[PDB]
Every structure is written in C-alpha cells, then in structure tokens.
Amino acid sequence: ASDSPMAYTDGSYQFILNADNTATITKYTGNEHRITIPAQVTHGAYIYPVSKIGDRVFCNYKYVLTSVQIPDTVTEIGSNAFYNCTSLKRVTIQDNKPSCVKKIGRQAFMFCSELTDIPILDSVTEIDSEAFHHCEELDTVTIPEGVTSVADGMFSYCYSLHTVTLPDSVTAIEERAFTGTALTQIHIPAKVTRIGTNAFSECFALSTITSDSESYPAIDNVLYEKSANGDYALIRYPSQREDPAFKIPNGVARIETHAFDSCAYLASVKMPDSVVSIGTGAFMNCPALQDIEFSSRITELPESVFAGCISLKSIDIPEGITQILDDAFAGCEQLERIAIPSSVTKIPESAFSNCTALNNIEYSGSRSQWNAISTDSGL
Ligand code: NA
C-alpha cells in the first residue's frame with residue numbers, strides 16, 4: 001500500500017482501528033506542552049481502547065513539549081514516535097499504574113536529550129534500533145527479562161548513562177549499542193553470543209568489565225570475543241584502567257576497532273605476533289601512550305589508529321607494513337621521530353596531519369622509492 005489506512009478524529013487525536021477492536025493514535029493536531037494520550041477513543045457506536053502510539057505522532061513536534069503521560073492500555077510505541085522532542089523530561093503512566101508497553105519502535109526517543117524518567121521500559125519485550133540514541137540525560141537503565149537483544153545504536157551518545165543492567169535473556173548486543181556512554185562498569189550476561197562492532201566504543205569512564213559469556217569472556221578485566229577455532233579478538237580495554245603497561249596475551253588474533261580508544265592512563269602496550277590485524281582507531285585519543293611494541297604479522301596501520309596520541313614521541317613502524325591509512329597519526333603533536341620501512345607504499349597526507357614536532361623521518365629505502373609512495377586514499 002502507497003497510503004496508510006482510513007483515520008478518524010476524536011478531539012486533538014486522529015486514529016485508525018485495529019483488528020482486535022483497539023485503536024492506534026496516528027496524528028496529534030494540538031499544541032500542548034503537557035501531553036495526555038487518551039485511554040479510549042470513540043467512533044460511531046463503539047469505544048476503542050488506545051493500544052498503540054502510531055509511528056511519528058510527535059516526530060519533530062514543533063511546539064514546546066515537557067511531559068507525556070501514556071495510559072496503561074498502550075502496549076506499543078511506534079517508530080520515531082517522540083523523535084527530536086528535545087525538552088521532553090518524562091514519559092509516565094497515567095495514574096502511576098504499571099506500564100503495559102511491550103514494544104518500542106526504532107528511534108522512538110532518539111534525540112530526547114533532556115529525557116530522564118522512562119517507566120515505559122519496565123515490562124518491554126522488544127526495543128528496536130536507536131530507540132534511545134542521544135538521550136543525553138538518562139542516568140541508569142534496567143532492561144527487563146524477556147528482551148533478547150540490545151538493538152543497534154540503542155543508547156549511542158547517552159552521555160549521562162553510567163549504569164545499565166542487562167537481563168539473562170539478552171543474546172546479542174548490536175553495533176554501537178553503548179557508543180559514547182558514561183558506563184563505569186559492564187556486565188555481559190551468560191547468553192550473549194554476539195557483540196556488534198563499536199558496541200562499547202568511546203566509553204570514556206569504563207573501569208571494570210565482567211562477563212558470564214563463554215563467547216565474550218572478560219580475561220584480566222579486558223573484554224574479548226572468542227571464536228569457535230579458539231582465536232580471540234580484543235574488543236574493549238577499560239579506558240579508566242590505571243595500569244601504565246599492558247601486554248596483549250598470546251592467542252589474540254585481532255585488536256578490534258576502537259578497542260583501546262581514549263585510555264587515560266595506558267603508557268605502554270605490547271602486541272604478540274599472533275595479532276594479524278588492528279581495527280580503525282584502535283588506540284585513538286590515548287594521551288599517555290608513549291611506547292608501542294608491534295606484532296611482526298600486521299601489514300597495515302588502519303585509519304586513525306594513533307590519532308590524538310599526544311604523548312607519542314618516537315615510533316618504529318615494523319617491516320611488512322604496506323600502508324598507513326588516513327589520520328593514522330593525526331594530532332600526534334609530540335611525535336618527533338618515525339621509522340618507516342620500505343615496504344610502506346601508501347601514506348595519505350592526512351596520516352601525519354597536525355604533527356608539528358615531526359622533524360626526523362627515518363626511511364630505510366631510497367629517495368626514488370620515497371617519491372613513489374602513493375598519497376591516495378578516500379577521506
Ligand atoms: Na612484519
């Protein structure tokens with residue numbers, strides 16, 4: 001269908017009729033700053049309980065909006081229902097009754113950056129992608145038993161969110177689910193079998209990691225992904241961990257993207273030769289990082305790998321690296337010396353951008369070989 005179903009009006013609300021003799025609110029035509037979703041609507045000879053807030057009803061609401069009250073008849077909140085309601089403080093249940101909300105749609109509260117009170121989460125079984133993306137004032141969240149995954153970007157950039165309780169029923173934490181949050185600790189429940197890329201990237205306040213998952217063990221307070229073949233990928237080193245040095249264990253095959261981003265204290269890192277690849281921005285914004293011992297089996301320095309590593313003074317790029325990608329050392333203001341092997345044939349101009357102390361480039365090849373290095377790479 002290229003059109004939505006036939007809608008009726010009851011006061012400031014429009015609605016459609018559901019197959020189970022309930023109604024879905026599809027439009028709001030008022031301009032209140034304190035919203036009360038109706039528990040019932042009338043059409044013809046019948047009264048319909050309101051079971052759903054339709055997709056986008058308050059999406060980009062142009063008027064001032066501070067609070068929303070939902071009746072306990074509502075079992076579903078549509079996608080983008082309160083998208084960009086940036087002064088919305090609270091979403092409560094009428095008469096302080098228990099929430100009956102079971103499903104929350106994609107981006108339902110995305111950009112509700114002042115939202116602090118959300119009791120609608122208490123009996124939910126499904127929450128879709130980015131439902132609380134940029135809810136910058138949420139402080140603690142409890143996901144109830146019955147939720148089976150944390151959908152992608154669910155709490156991305158929830159800057160105040162310092163504690164999240166995940167239930168035993170969660171089997172997946174999707175991509176970017178907690179990117180940029182204020183989590184001080186993480187507990188991975190036993191049934192987690194998938195953690196998506198950057199689920200814990202930019203977690204600047206993280207100090208402890210615990211896990212009951214055999215697929216995602218916490219080994220010496222570091223989160224890993226363990227593959228069926230026994231290989232491990234290091235996925236999250238806690239940024240607030242105070243140890244000046246860390247040696248990545250033998251048996252780790254990959255340092256995943258942003259695994260060591262924003263480490264406030266880490267000064268020295270050592271890689272085993274089992275490490276064959278490093279993800280984008282693996283050590284970005286590590287301001288105390290001074291010494292790096294590389295694996296002999298890596299062949300690339302990925303994008304932004306050491307971007308913002310402002311204490312880095314000297315670095316020896318291992319023989320066998322064939323390319324140094326965009327922004328690899330961008331903003332390394334104290335970098336004075338870099339040894340580049342003749343195997344490096346690609347270095348974009350941005351790789352050493354804002355490297356004002358850089359006065360000693362030790363290149364093991366000839367001037368002709370140096371001039372043959374390609375400076376081409378997209379963004
Ligand atoms: Na090598």
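In this chain, residues are counted from 1 in sequence order. Basis for what follows: all heavy atoms, side chains included, without hydrogens, waters or symmetry-related copies.
A 4.5 Å side-chain heavy-atom check between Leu325 and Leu301 finds every atom pair outside the cut-off. In this structure, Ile188 and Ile173 have side chains that are in contact, with non-hydrogen atoms separated by less than 4.5 Å. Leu121 is not listed as a side-chain neighbour of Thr142, based on a closest heavy-atom distance of 4.5 Å or more. Between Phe260 and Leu289 there is no side-chain heavy-atom pair separated by less than 4.5 Å. Within the 4.5 Å cutoff, the side chain of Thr280 has no heavy atoms near those of the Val305 side chain. Considering only heavy atoms from C-beta on, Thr210 stays 4.5 Å or farther from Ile186 through its side chain. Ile209 is not listed as a side-chain neighbour of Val222, based on a closest heavy-atom distance of 4.5 Å or more. Using a 4.5 Å heavy-atom cutoff, the side chains of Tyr8 and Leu17 are in contact.
At a threshold of 4.5 Å between side-chain heavy atoms, the hydrophobic network of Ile, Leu, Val, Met, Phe, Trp and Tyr places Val276 and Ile255 in two separate groups. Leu115 is connected to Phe178 through a chain of hydrophobic side-chain contacts under 4.5 Å among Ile, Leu, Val, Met, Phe, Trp and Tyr, so both are in one cluster. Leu183 and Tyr157 fall into different hydrophobic clusters, where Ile, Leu, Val, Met, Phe, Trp and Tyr residues are linked whenever their side-chain heavy atoms come under 4.5 Å apart, directly or through other members. Residue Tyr159 is not grouped with residue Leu206 when hydrophobic side chains (ILVMFWY) are merged at heavy-atom distances under 4.5 angstrom, including chains of intermediate members. Both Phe352 and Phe294 belong to a common hydrophobic cluster when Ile, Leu, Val, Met, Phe, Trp and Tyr are linked at side-chain heavy-atom distances under 4.5 angstrom.
Although no hydrogens or angles enter the test, the distance criterion places a donor-acceptor pair under 3.5 Å between the side chain of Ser274 and the main chain of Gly251. Side-chain N or O atoms of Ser343 include one that pairs as donor or acceptor with a backbone N or O of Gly320 at under 3.5 Å. Under the 3.5 Å distance criterion, the side-chain polar atoms of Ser51 are left unmatched by any main-chain donor or acceptor of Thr22. Of the possible donor and acceptor atoms, none in the side chain of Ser350 sits under 3.5 Å from a partner among the backbone N and O of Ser353.
Centroid-to-centroid, the aromatic rings of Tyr61 and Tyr63 come within less than 6.0 Å. The distance between the ring centers of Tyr237 and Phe246 falls below 6.0 angstrom.
Ring geometry, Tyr48 versus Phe15: the interplanar angle falls from 30° to 60°, so the pair is classed tilted.
Within 6.0 Å of atom CG in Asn354, 12 or fewer heavy atoms from other residues, nucleotides or ligands are found, so the atom counts as exposed in its surroundings. No more than 12 heavy atoms of other residues, nucleotides or ligands sit less than 6.0 Å from atom CD of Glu214. Annotation for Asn96: atom CG does not count as buried by contact number, only 12 or fewer foreign heavy atoms lying within 6.0 Å.
Listed by first and then second residue, the salt bridge (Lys or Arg N to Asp or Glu O under 4.0 Å) pairs involving residues 59-88 are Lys52-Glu76 (not counting sequence neighbours). Applying the salt bridge (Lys or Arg N to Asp or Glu O under 4.0 Å) test to pairs two or more places apart or on separate chains, those with a residue in residues 255-277 are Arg236-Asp261, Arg254-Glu256, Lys270-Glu293. Sorted pairs that involve residues 115-125 and meet salt bridge (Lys or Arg N to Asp or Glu O under 4.0 Å), not counting sequence neighbours, are lacking altogether.
Judged as a salt bridge (charged side-chain N to carboxylate O under 4.0 Å, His left out), and not counting sequence neighbours, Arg176 has no contacts. Partners of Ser211 according to the side chain to side chain donor-acceptor pair (under 3.5 Å) rule, which considers only residues two or more places apart in sequence or in another chain, do not exist here. For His33, there are no ring-ring contact (aromatic ring centres under 6.0 Å, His included) partners, not counting sequence neighbours. Applying the side chain to side chain donor-acceptor pair (under 3.5 Å) criterion to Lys27, with sequence neighbours excluded, gives no partner residue. Not a single salt bridge (charged side-chain N to carboxylate O under 4.0 Å, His left out) links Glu130 to another residue, sequence neighbours left out. Residues satisfying the side chain to side chain donor-acceptor pair (under 3.5 Å) criterion with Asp243, sequence neighbours excluded, are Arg241. In terms of the side chain to side chain donor-acceptor pair (under 3.5 Å) criterion, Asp139 has no residue partners (sequence neighbours excluded). Contacts of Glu333 classified as salt bridge (charged side-chain N to carboxylate O under 4.0 Å, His left out), with partners at least two apart in sequence or in another chain: none. Not counting sequence neighbours, the partners of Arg337 by the salt bridge (charged side-chain N to carboxylate O under 4.0 Å, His left out) test are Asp316, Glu362.
For the residue pair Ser201 / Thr179, a side-chain donor-acceptor distance below 3.5 Å is found, with atom types taken as modelled. Neither side chain, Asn285 nor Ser262, offers a donor N or O lying under 3.5 Å from an acceptor on the other. Residues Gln185 and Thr163 bring a donor and an acceptor atom of their side chains to less than 3.5 Å of each other. If you check the side chains of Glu225 and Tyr216, you find a donor sitting under 3.5 Å from an acceptor. Of the N and O atoms on the side chains of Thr184 and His162, not one donor lies less than 3.5 Å from an acceptor on the other residue.
Taken to the nearest 0.5 Å, the CD1 atom of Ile338 stands 6.0 Å off from the CD1 atom of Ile315. Distance check: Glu137 CD to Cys112 SG gives 11.5 Å after rounding to the nearest 0.5 Å. Atoms CD1 and NZ, on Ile219 and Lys226 in that order, are 7.5 Å from each other to the nearest 0.5 Å. Taking CD1 of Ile324 as the start and CZ of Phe306 as the end, the distance is 10.5 Å to the nearest 0.5 Å.
Of all the heavy atoms in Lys102 and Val124, the pair that sits closest is O-CG2, 3.3 Å. For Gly78 against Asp55, the heavy-atom pair with the smallest separation is CA-OD1, 3.3 Å.
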Carefully, step by step, assess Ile143 and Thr165 under the rule side chain to side chain contact (heavy atoms under 4.5 Å, CB included). CA-CA 6 Å; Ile143 299 299; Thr165 301; over 6 Å; no
Give the C-alpha distance, both sets of side-chain angles, the deciding distance and a yes or no for side chain to side chain contact (heavy atoms under 4.5 Å, CB included) between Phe132 and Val141. CA-CA 11 Å; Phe132 295 99; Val141 168; over 6 Å; no
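Screening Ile37, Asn80, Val68, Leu88 for a side chain to side chain contact (heavy atoms under 4.5 Å, CB included) with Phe58, the sole residue that qualifies is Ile37.
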